[PDB]
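A.B. asks: Pasting a structure below so you can have a look.
Shown next as structure tokens:
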């Protein structure tokens with residue numbers, strides 16, 4: 001699942017703080033997104049990063 005992606009920002013550098021399932025650590029964790037060039041493992045909240053990947 002999108003669980004498997006690491007953090008990826010994007011081409012755009014806008015300060016959109018988002019959460020990734022930091023599968024590198026096994027955590028949900030914040031990162032800066034930047035709208036343009038996003039990936040799937042990119043969630044508004046720990047709530048979502050959690051719910052979608054790990055109950």
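Residue numbers (the deposited numbering): 1 to 55.
Think of the CB as a built atom: it goes at the ideal place given N, C-alpha and C, for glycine as much as any other residue.
Look up residue 11 in the DSSP assignment and say whether it is helix, strand or coil.
C.D. replies: Looking at residue 11 - three-state DSSP - the assignment turns out to be coil, as it is neither helix nor strand.
A.B. asks: Whole angstroms are fine: how far does the CA of residue 10 sit from the CA of residue 35?
C.D. replies: Their backbone Cα atoms lie some 7 Å apart in a straight line.
A.B. asks: DSSP on residue 57, reduced to helix/strand/coil?
C.D. replies: Residue 57 cannot be examined here, being either before or after the span of the chain that is shown, 1 to 55.
A.B. asks: Measure the C-alpha to C-alpha separation of residue 33 and residue 41 and round it to an integer number of angstroms.
C.D. replies: C-alpha separation (whole angstroms): 10 Å.
A.B. asks: Could you tell me which residues DSSP puts in a beta bridge with residue 36?
C.D. replies: The partner list for residue 36 (beta bridge, DSSP) is empty, contrary to what the question assumes.
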